[PDB]
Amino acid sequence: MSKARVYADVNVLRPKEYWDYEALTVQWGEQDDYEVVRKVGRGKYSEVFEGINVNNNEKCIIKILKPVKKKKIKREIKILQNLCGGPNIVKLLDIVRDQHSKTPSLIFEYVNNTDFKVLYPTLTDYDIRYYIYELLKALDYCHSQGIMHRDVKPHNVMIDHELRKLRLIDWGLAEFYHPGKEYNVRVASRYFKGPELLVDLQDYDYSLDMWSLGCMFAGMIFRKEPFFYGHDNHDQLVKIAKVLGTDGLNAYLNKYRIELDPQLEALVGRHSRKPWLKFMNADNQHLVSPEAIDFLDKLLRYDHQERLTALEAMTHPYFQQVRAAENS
C-alpha cells in the first residue's frame, strides 16, 4: 500500500467538482477566431499548428486532436483549467470543434520554442540549473494541486531561449492523485518511464514525475540523449538495472511485494551499481560537478518514496545561485 509523502490529501479536501472531470461540461469557443498559419509538429494524438487569433492578431498553438474519447478529453481540459495560471504551466486559451466532423481543437498560448535536440547542446552549466529549476516550479505546482503530469520529457517542455521562458505542456496523460488508487502504468514515454511503471506497481504518485525529471537531467549534464536508451518496456528496465544495479532493484521489489515476470527477470539478470562519474567525459566535464551528481542521485532511486519531492529538489544547493538570483 503506497501513498504520496506530500500533497496526499489535496483532492480529498477540495470540492468534488475539482477532480470529478467527467462532470465537466465543455464550453466551446468560436472556431473562426483561430486561423492556421503553419503545421509545426505532430503526435500520435494530434497535429500541431502555429496559429493566429483573428481578434487580437496574436500568435497561438492549435492542437487538432485525432478521434478521442469524451472521458479522455474532459480529463485534459479539466486539468488545464485547474492549473491555468500556475508557474510555467502552459495556458489553455480556448476549446473549439468542427461542426461537421466534430473534430475538436485545443488552443494554447504560443511559445517560441527551440528543438531540444539543437538547444540542449548549447546550454551552459548555469542554463541547465536555471531551466531545470523553472521546470521544477511547474511540477511542485501541479503536484500541490493534486495532479501528476505523467509524461515529463524534453518534447513536453517548451523553451524560448531568447526570453528564457519555459512552459510544461501536453497534459493529455496527466491524472488526479487519489490515495491508494491504482493507475494505468502505460503512461510517460519509454525513456522516461519510472521503475514503478516498468514493474507494474499501480499505486504510484507525484514521485513518478521526479524520476522522469531525473532522466531528463541526466541526459543534459552527461550529454547523452536519452540517458536510458531502451528498445521496449522490458529492455528499459534492463538499461536502468545496468546503471543502478540489481541489488537496489531486488530490494525495491521485495519492499513492495512485487514479482517480475519470469521473462523480464531473465533479461534483467544481475548487475553491479555503476558510479555516476563513470559517465563523465571531455564532452560533459564542464557540467558534471559534485552538486549535480548528488542531485541526480537523489532523483534516480528505484523506490519512488525515496526520491526528492519537487519542493525539496528546488532547495537543493545545486540551485543556490538560481535562487539567490531570483531573490533579487
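Position 1 is the first residue in the sequence shown; the rest follow in order.
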Using only C-alpha atoms and the B-factors in the entry, which stretch averages higher, 23 to 31 or 290 to 298? 23 to 31
Tell me which stretch has the larger mean Cα B-factor in this entry, 241 to 249 or 73 to 81. 241 to 249
Given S101, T124, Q145, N156, the residue at which the Cα B factor reaches its maximum: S101
How does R150 rank on Cα B-factor within its chain, lowest, middle or highest third? lowest
C-alpha B factor of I64, ranked within the chain: lowest, middle or highest third? middle
Just say lowest, middle or highest third for the CA B-factor of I258 relative to the other modelled residues in its chain. highest
According to the PDB entry, is the CA B factor of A325 in the bottom, middle or top third of its chain, that is, lowest, middle or highest? highest
Rank-wise, by C-alpha B-factor, drop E225 into the lowest, middle or highest third of its chain. highest
